[PDB]
């Protein structure tokens, strides 16, 4: 029984686990704690890039953005290396998705603009996709740090799955922008030990991870069966019982995804 298996994983990892897979053709929705709030962590970067793409002509990707020492405030694998030269919006989108680059995400929030350094416009973009649940209140690093239970900077597995479904599978974006987002997620470098680890090699996986304090580890993905049937998979987790410095545990997400893949095969 799937709920029993997820509960077992919670005990194993001293964790809270949330899972959502939207209903399809012939599969019922898979849901476990799916309407409970979990921190976005870096998973917000996927709809953030969608927001920036949606808001601008495609060639806005070629605009150079400059930034300085005091902008580097978080893990930023790419932005730290290009600080002397600047990065185009396209490079920033690439880095935010594929390297979960915090500086890139903050610069993209600022590009979107408006109150809260772009966080209000980001939330407004989610509202436009019918998500009345999620909220972004802070940028990097702060957004990963809210105490367990705090609603700031949270989504739910259910809400983020429906958002990702519209972005990648639905018509939230025009085909050209949809393809840019899909390809960046397809080329993600940070997700090998999460949802990807739970699906057989002949299934395509594209994803965006998130990791935070209190043992937070998330992954949102679109997967395609060997025959081209797509599913959206959102797995979120925290280990609040270990306090702020609790280790995130990717293996929890890999096991949860393995359980999901078993049902979807």
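Numbering follows the first chain given and starts at 1.
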Can you let me know which of the two, 211-219 or 57-65, has the higher average C-alpha B-factor in the entry?
-> 57-65
Averaging the C-alpha temperature factors as deposited, the higher value of 178-186 versus 81-89 falls on 81-89
Member of 148, 191, 114, 157 with the greatest C-alpha B factor (per the PDB record) = 114
Highest CA temperature factor in the entry: which of 40, 32, 199, 231?
-> 199
Residue 48, C-alpha B-factor rank within chain (lowest, middle or highest third) | lowest
Relative C-alpha B-factor of residue 242, binned into the chain's lowest, middle or highest third | highest
Residue 23 - Cα temperature factor, lowest/middle/highest third of chain = highest
Among the modelled residues of its chain, the C-alpha B-factor of residue 124 falls in the third labelled lowest
Would you check the entry's CA temperature factor for residue 143 and let me know if it's in the chain's lowest, middle or highest third?
-> middle
